[PDB]
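Only one chain is included here, represented as structure tokens and corresponding to the form deposited in one PDB entry.
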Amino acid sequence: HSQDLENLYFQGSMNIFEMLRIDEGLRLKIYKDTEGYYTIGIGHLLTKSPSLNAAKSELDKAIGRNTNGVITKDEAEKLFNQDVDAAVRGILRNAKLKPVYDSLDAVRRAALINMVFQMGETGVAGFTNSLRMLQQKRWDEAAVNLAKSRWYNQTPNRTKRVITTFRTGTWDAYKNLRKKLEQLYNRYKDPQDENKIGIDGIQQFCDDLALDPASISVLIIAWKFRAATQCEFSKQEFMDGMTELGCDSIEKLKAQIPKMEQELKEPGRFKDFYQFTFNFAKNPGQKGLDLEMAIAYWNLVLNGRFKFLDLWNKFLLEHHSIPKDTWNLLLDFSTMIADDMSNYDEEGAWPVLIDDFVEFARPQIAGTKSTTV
């Protein structure tokens, strides 16, 4: 088949796909991009349709099988290589980019393609002076000029690697990035399972970040890393997370923590974090979340947000598993409920647990109403 990766075995192992895997990241399951559009692989837009089934239909046509929205790394490379061929055709039609592209060696061509993926042809074509320097093989001067640009300020770590590629004509910046992340992962990995960081490694990670391991900030990091389960941090989770956060060091990750915290000020992002917590805390082998574990995580994530959290604790402690829908709807209850619960709609199809809670809260509510200020 024309797309077979065996047709590229004459190339080096480092290539444009592996470059963008480092600079942008790779997703093997359909996800929504910044604009809400279904995407997979390295930034491959599937459709603007709101229908996941439509996105799956487009993916199946492009891959050649029924994927149910999940592909392999090799399949993602085939999709990406088609996108590269299209980007190169565009470069070759562009009077502002063709001369420099033609003049460049293969490694530096990859750096230019990287730029086009990030900012489009129009954006790259704006770099008139730097492109002329590249065409003249004035590598150090091009590197200096590119570093003065807004591009550098927008994505400093990616831009530094692309600039180093123009400066040297080698893959050194990508070899160095990979080694840094490998050596950092090796500081944390479980000595008995190289595929994960265990509890001791998570503790070392927290210590290196100057985080109380009991801070909600730890769970915020797990959310940003899309961690599947508490007490484990898989190698893929660590590498994908450091990539998506643009960090190759603990110092850089430490600087990102306040930005992750700030994201939660949006109710939509807090809801995402709140819903993530359920699947993260649940035992993989169980369908629901044990009540005691639910209470612990509820107290971490809802303290200061749910005005009836203390009453909720008392209600549950006098109770005898929590499904996902009950977990999710507690946040909606917290958002709508009046300070005295007077606006609760019993016909609203809330979980029985919440119906019972509203009834249980009646003595406390009444007592407060008869208490002097």
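Heads up, when I say rigid core I mean the largest set of C-alphas that superpose within 1.5 Å between the two forms. A residue's number is simply how far along the shown sequence it sits, counting from 1.
The form deposited in another entry is left out here; the points below concern that form.
Asks: Upon rigid core superposition, which of the listed residues (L146, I71, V301, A227) is displaced by 2 angstroms or more at its Cα between the shown form and the other one?
Replies: Flagged residue: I71.
Asks: For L329, decide whether the Cα shift between the shown form and the other one is 2 Å or greater, given a superposition on the rigid core.
Replies: Not so; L329 is displaced by less than 2 Å.
Asks: Using a rigid core alignment, state whether the CA of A214 is displaced by 2 Å or more between the shown form and the other one.
Replies: Yes, the C-alpha moves 2 Å or more.
Asks: Does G25 shift between the shown form and the other one by 2 angstroms or more at the C-alpha, the core having been superposed?
Replies: Yes, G25 moves 2 Å or more.
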